Structures are given as structure tokens and as C-alpha cells.
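Counting the sequence shown from 1 gives a position; PDB author numbering is that position plus 38. Built from N, CA and C at the ideal position, the CB exists for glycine as well.
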Amino acid sequence: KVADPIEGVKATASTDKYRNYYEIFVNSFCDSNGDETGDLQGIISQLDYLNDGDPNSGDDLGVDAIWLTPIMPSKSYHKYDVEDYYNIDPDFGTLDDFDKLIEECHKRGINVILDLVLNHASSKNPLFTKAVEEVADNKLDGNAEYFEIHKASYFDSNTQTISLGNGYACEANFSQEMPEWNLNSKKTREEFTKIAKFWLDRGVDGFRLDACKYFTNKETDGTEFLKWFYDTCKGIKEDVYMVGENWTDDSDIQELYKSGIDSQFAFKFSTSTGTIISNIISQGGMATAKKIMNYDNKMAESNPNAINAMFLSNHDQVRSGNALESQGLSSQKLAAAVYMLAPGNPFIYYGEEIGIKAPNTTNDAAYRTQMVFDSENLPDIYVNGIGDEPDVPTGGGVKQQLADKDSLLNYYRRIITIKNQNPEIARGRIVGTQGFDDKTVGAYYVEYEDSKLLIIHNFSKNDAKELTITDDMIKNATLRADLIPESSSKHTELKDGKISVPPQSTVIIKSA
Ligand SMILES: *[C@@H]1[C@@H](O)[C@H](CO)[C@@H](O[C@H]2O[C@H](CO[C@H]3O[C@H](CO)[C@@H](O)[C@H](O)[C@H]3O)[C@@H](OCCCCCCCCN)[C@H](O)[C@H]2O)[C@H](O)[C@H]1O
Ligand SMILES: [Ca+2]
Ligand SMILES: [Ca+2]
Ligand SMILES: [Ca+2]
Numbered sequence: 039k040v041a042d043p044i045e046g047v048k049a050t051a052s053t054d055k056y057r058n059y060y061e062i063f064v065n066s067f068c069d070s071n072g073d074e075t076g077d078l079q080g081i082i083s084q085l086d087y088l089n090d091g092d093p094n095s096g097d098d099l100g101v102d103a104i105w106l107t108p109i110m111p112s113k114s115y116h117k118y119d120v121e122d123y124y125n126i127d128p129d130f131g132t133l134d135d136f137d138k139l140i141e142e143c144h145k146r147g148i149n150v151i152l153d154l155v156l157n158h159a160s161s162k163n164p165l166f167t168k169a170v171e172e173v174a175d176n177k178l179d180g181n182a183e184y185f186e187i188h189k190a191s192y193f194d195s196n197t198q199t200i201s202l203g204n205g206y207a208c209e210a211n212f213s214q215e216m217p218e219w220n221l222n223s224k225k226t227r228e229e230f231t232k233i234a235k236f237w238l239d240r241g242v243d244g245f246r247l248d249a250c251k252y253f254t255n256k257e258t259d260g261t262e263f264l265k266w267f268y269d270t271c272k273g274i275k276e277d278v279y280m281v282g283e284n285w286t287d288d289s290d291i292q293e294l295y296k297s298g299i300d301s302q303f304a305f306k307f308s309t310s311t312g313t314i315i316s317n318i319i320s321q322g323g324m325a326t327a328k329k330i331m332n333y334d335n336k337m338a339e340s341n342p343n344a345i346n347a348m349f350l351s352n353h354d355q356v357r358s359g360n361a362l363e364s365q366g367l368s369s370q371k372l373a374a375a376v377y378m379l380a381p382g383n384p385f386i387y388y389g390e391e392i393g394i395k396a397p398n399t400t401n402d403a404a405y406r407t408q409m410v411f412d413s414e415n416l417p418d419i420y421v422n423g424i425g426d427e428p429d430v431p432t433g434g435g436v437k438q439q440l441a442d443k444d445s446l447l448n449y450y451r452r453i454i455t456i457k458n459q460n461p462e463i464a465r466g467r468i469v470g471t472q473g474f475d476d477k478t479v480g481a482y483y484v485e486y487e488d489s490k491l492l493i494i495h496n497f498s499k500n501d502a503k504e505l506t507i508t509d510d511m512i513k514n515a516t517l518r519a520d521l522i523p524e525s526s527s528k529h530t531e532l533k534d535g536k537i538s539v540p541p542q543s544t545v546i547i548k549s550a
């Protein structure tokens, strides 16, 4: 019977770089034409589920940016081997379907970034097939100049290669079908400028940049390359946004931020062995708050405009729900609150919001299962390596979960609404932790210019925490928002300076 503190509070749609992102593995999301392959028209058909354009009404998820996995011609179902950087794979649609998707996203306040694969191309990209022919004729000063082609003996020993003619090879860390670009090449830079402009001119808001760890090599400074590319794209589109996958230690992420790239994925906090899920299982609130503050701030030293990119899991990892669901739905809910209420831009993986699991932990295809909009009418999508038979989410599909006020999905929805009511959360920096003499409680102050919030998480699985909020912490403290997983009907309150934070709950404190 305690009033919901967010009732009637005005939400505002984001109009800047700060977004709750949604990663769509295109193959697996929505099939509009019966071939068992997801496509762009399928995404279009579900845009009102993603964002209906009105932050103050409706039953949409509410995400305000999409990251599309590769959409360009490729023989593979994942398409990270790019055969043509200037078109749409026919299974996904045409450039007209792409233009429709952009228009329809933007009408709803949804930004769109593309997976732009700069480390490597397909071995069937025509630029590369020409290089291969020319190398076989001992011509190295044509198309070979686009690619990381050298005599075999040049390569660092632990570098995998593609064998070419006449004793030459091409760097290929990921596959024999993924030859690497020479990022130092004049010709390559020219080509990348053309590809960037091609997509930016179609209304794209920016890029996800895979495999940044492999920009740097024996002769390439990846920071120099990414700075060159990023600044090129800023000239084309001043408010272009990029997020890099740099799957490596913190010091390498610090280094790469000197490029001025907005964001790099925060791998440290992802997966079952990562900070967030590990500490939700271990009930380590205080540790998690400390680690988020220290990491966000360290990265800001390298780039003062860094936008951290928190995530539980992506298309290259086991689904987060494989670890979290067996710990109870309230653990899954807390996890969402923790990663999404950290500074920066969180990335929800499609289907995470309804608890899609991986049927096995070892096969990448099992990380990319079929999105379930309605568990009564299961999808019919083929995913190479796991077939087309759909798993049923424990909580049902989108339609089921939207109706149930206590669903995982509705918890995500509420998190997003709280963010749309409180811009400081995404845009600010953590200026300090707040101790509550309890290792289960993780609390920190996020401040964005003139405005500070106190975010408190109770990681305890079983125990409510009665906390005292003083004027030294937040002057004239009020309860701005709550997230209480046990029941959507349950709210708390701040009364005579005391607030009960239930198990696995989050509260947000703000000055009157
Ligand atoms: C970022 C990218 O950098 C990375 C590489 O492009 C993406 O990963 C994708 O590509 C790899 C490699 O796929 C290619 O090579 C494999 C291995 O030879 C071929 O099998 C594929 O057909 C070819 O496209 C891919 O890795 C799959 C490895 C499978 C191992 C199975 C072993 C057990 C067998 N019983 C990824 O699945 C694909 O996404 C990455 O996703 C980007 O984010
Ligand atoms: Ca289709
Ligand atoms: Ca809405
Ligand atoms: Ca490389």
C-alpha cells in the first residue's frame, strides 16, 4: 500500500549519445517471409515492441538504440565475413528495406549502429580474390596492398595465416575465410572512408567495431588507426557514436580510449565469471559498487568523454540466463538493475529481457537462439549448428511477459523508465561509494554537473536492510525510485531518515 515513487513522474526520451542499446543478431530475431531466416522487415514489424516513441505510455520495452550484427552480403549465417561492404545480404532484404528501417527507427527515437568489420574481410570479397590472383603472379603492389600480405617468415610466430601463392601469406587470426586488412595502407584508408560515408549518408548513427584487439600488430598502432577512422567519421557526422569490442585487459582498453572512441565493451563485468554475475551469486554488493566506480573513473582518465558499455552477455558468450535463472528470478532482475544503472550505455542482448537461455554452453550457435515473441506460437527460425526447433523460455514469450506485472521483461521496462526520469544515471560519473557497514550493500553517488543521486543495491538474497540516510549523504533526501523484485506491488519509502531496502532491491535517493 506504499505509493510507487515513480508514479506520474515525467519520462523524457534520450536525444543524445546516451542510450539503452539492444543488440540484434539479425538471423535469429524475426522472420517476415517464411524461409526460417530473420530479416530487416521482421525487425521493422517489431519496432513498436522495441520503442513506441512515447516514454510516458504504452507497453514497449523502451530501448532507444539498436546495434545490428553484420547485414552485408556473406555466405555465413553470422556474416562477420563481409563479401560486399556496400549492400544488404539478400536474405535480410534490400537497401530499400534498410532505408525503411532507419526511417522507422528514427521516428520512434531509436538510433541505429552497424557492425562495421574493419579488422578483416571475407576471402570471397572481390577486393581479396583479386589480391589472391595478383599474388599468384608475383604482383604485390596492387590489391595485395589492401591486405596484411607478407612473406610467411614476416609474421610473428603465433599469428595464424591464409596461404597464398609464391610463399606469401595473409594474416587471419579468426579464420581462413577472414583475411585481415592492412590498416596502415593508404588504399585501405581510402576504402574505409568510402564505406563509412556510404552508410553514414544513409542515416546510420554510428558503428560497433569488432576485433579492436587485432588492430594493433607488428607494424600497426591500433590507437593511431582508430583515431584516424573515428575523426574521419566525425567530419562526416559530428555526433557519430562508436563502441569498440576490445576483448583484452584494462590497460589495453585504457590505451585504446586515447583514440577518442566513445565506448568500449566492459568485458570485466560480463559473463558468469565477470564481476556482476559472480557477485550477485556471492551477495557481494559493496565489492560491485567499488569495482564499477574504479573502472568507470579509470577509463575516464584516458577519455574524459568515455561512455562505458556494460553488458551481461553478447552473441559470443553463453547467455546470462544460464547462470542467473537457476539462482532465482530476483537474481536476474537485480543483475539487470546493476549493469543498467552503472554509468554509460548498457547493451541488452535480444531475448535477455525474456530470459532466453543457451541449450548448451559450448556451441556459439546456441548463444543465438530464436527470439520468442509469443510462446504459444513459437518461432520457426534456423540457426546453423542448432537447427530450427525452439526452446520455450520459462517465463513465456514477449506477449506472456508483457501481461505479467512480475515478469523479467517488465523489470527491464521499469529500469528504462527510471533512466528516462533521471538523466544523471547514464551521463554522470561516480564520485564516491557510500558504506553501510554491510558487504551485501553496494551504494554509490553518481553526479552529472549540478545534480547527484545515490544508488543503493541490496545484494542480500534473503534479508531486508533498514538503512539510515543522513543530510551528509543526500541533503533533504527523498525516494526517487525503487526496484523491488519479489513483487511489483511492493514499494518502499523514506521515513524519518530510514528506508527499508528489500532483498535484491535497488533504491535511488535524490534531494527534494
Ligand atoms: C567479431 C569477429 O571478429 C569474429 C570473427 O569474425 C566473430 O565470430 C564469427 O566468426 C567465427 C569464425 O567463423 C569462421 O571460421 C569458422 C572456424 O573455422 C568456421 O567454422 C565458420 O564457418 C567461419 O564463418 C565464428 O566462430 C565459430 C567457430 C566454431 C567452432 C566450433 C568447434 C566445435 C565443432 N564440433 C563465430 O561463430 C562467428 O560469429 C564474432 O562473432 C564477432 O563479434
Ligand atoms: Ca526471412
Ligand atoms: Ca512507451
Ligand atoms: Ca589486424
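Determine the direct distance from the alpha carbon of residue 344 to that of residue 296, and round the result to whole angstroms.
-> 10 angstroms
Cβ shell of residue 522 (< 6 angstroms), same chain only, five flanking positions each side left out | 528, 540, 543
Quick one: what does DSSP say residue 359 is sitting in, helix, strand or coil?
-> helix
Is residue 50 helix, strand or coil by DSSP?
-> coil
Please indicate yes or no: does the CB of residue 110 lie closer than 7 angstroms to some heavy atom of ligand 1?
-> no
Measure the beta-carbon distance from residue 89 to residue 148 and round it to whole angstroms, keeping in mind my assumption that it falls under 8 angstroms.
-> 5 angstroms
DSSP beta-bridge partners for residue 105?
-> 61, 151
Give every residue whose Cβ lies closer than 6 angstroms to any heavy atom of ligand 2, listed in chain order.
-> 69, 70, 71, 73, 75, 77
Verify the contact flag: residue 212, CB atom, against every heavy atom of ligand 4, threshold strictly below 7 angstroms.
-> no
Can you list, in chain order, every residue whose CB sits closer than 5 angstroms to a heavy atom of ligand 3?
-> 90, 92, 96, 98
Is the distance from the Cβ of residue 479 to the Cβ of residue 337 below 8 angstroms?
-> no
Return helix, strand or coil for residue 365, following the three-state DSSP convention.
-> helix
With distances taken from each beta carbon to the nearest heavy atom of ligand 4, which residues come in below 5 angstroms, in chain order?
-> 157, 218, 252
In the DSSP assignment, what are the bridge partners of residue 520?
-> 545
Which residue comes first and which comes last in the alpha helix (DSSP H) that contains residue 170?
-> 164-174
Assuming residue 335 and residue 467 make a contact with CB atoms under 8 angstroms, what is their CB distance in whole Å?
-> 7 angstroms
For residue 505, the nearest candidate out of 128, 495, 513, 102 (CA to CA) = 495
Simplified DSSP assignment, three categories, for residue 160 | coil
With 16 other Cβ atoms within 10 Å as the buried cut-off, status of residue 236 = exposed
Out of 410, 122, 137, 403, state which residue places its alpha-carbon closest to the alpha-carbon of residue 233.
-> 122
Would you mind reading off the limits of the alpha helix (DSSP H) that contains residue 436?
-> 436-441
Would you list, in sequence order, the uninterrupted beta strand (DSSP E) runs of no fewer than 3 residues that lie entirely inside the segment 242-278?
-> 244-247
Work out the CA separation of residue 192 and residue 77 for me, nearest whole Å.
-> 42 angstroms
So is residue 214 buried or exposed if we call it buried at 16+ other beta carbons inside 10 Å?
-> exposed
Do the segment 88-104 and the segment 149-161 make contact, defined as three or more Cβ pairs closer than 8 angstroms?
-> yes
Would you give the residue range spanned by the beta strand (DSSP E) that residue 491 belongs to?
-> 489-496
Hey, would you say residue 385 sits closer than 8 angstroms to residue 59, going by beta carbons?
-> yes
Residue 320 to residue 348, Cα distance in whole Å?
-> 20 angstroms
Go through its chain and collect everything with a Cβ distance to residue 199's Cβ below 8 angstroms, but skip five positions before and after it.
-> 190, 193, 207, 208, 209, 210
Could you tell me the distance, in whole angstroms, from the CA atom of residue 437 to the CA atom of residue 402?
-> 27 angstroms
For residue 398, does the count of other Cβ atoms within 10 angstroms reach 16, so buried, or fall short, so exposed?
-> exposed
In its own chain, which residues sit with a C-beta less than 6 angstroms from the C-beta of residue 284, not counting the 5 before and 5 after it?
-> 250, 251, 291, 294, 302
Have a look at residue 354 and residue 91 and give me their C-alpha separation to the nearest angstrom.
-> 30 angstroms
Residues that residue 232 bridges to, as DSSP identifies them = Paired residue(s): none; residue 232 is not in a bridge.
Burial state of residue 186 (16 or more Cβ within 10 Å) | buried
Return helix, strand or coil for residue 313, following the three-state DSSP convention.
-> helix
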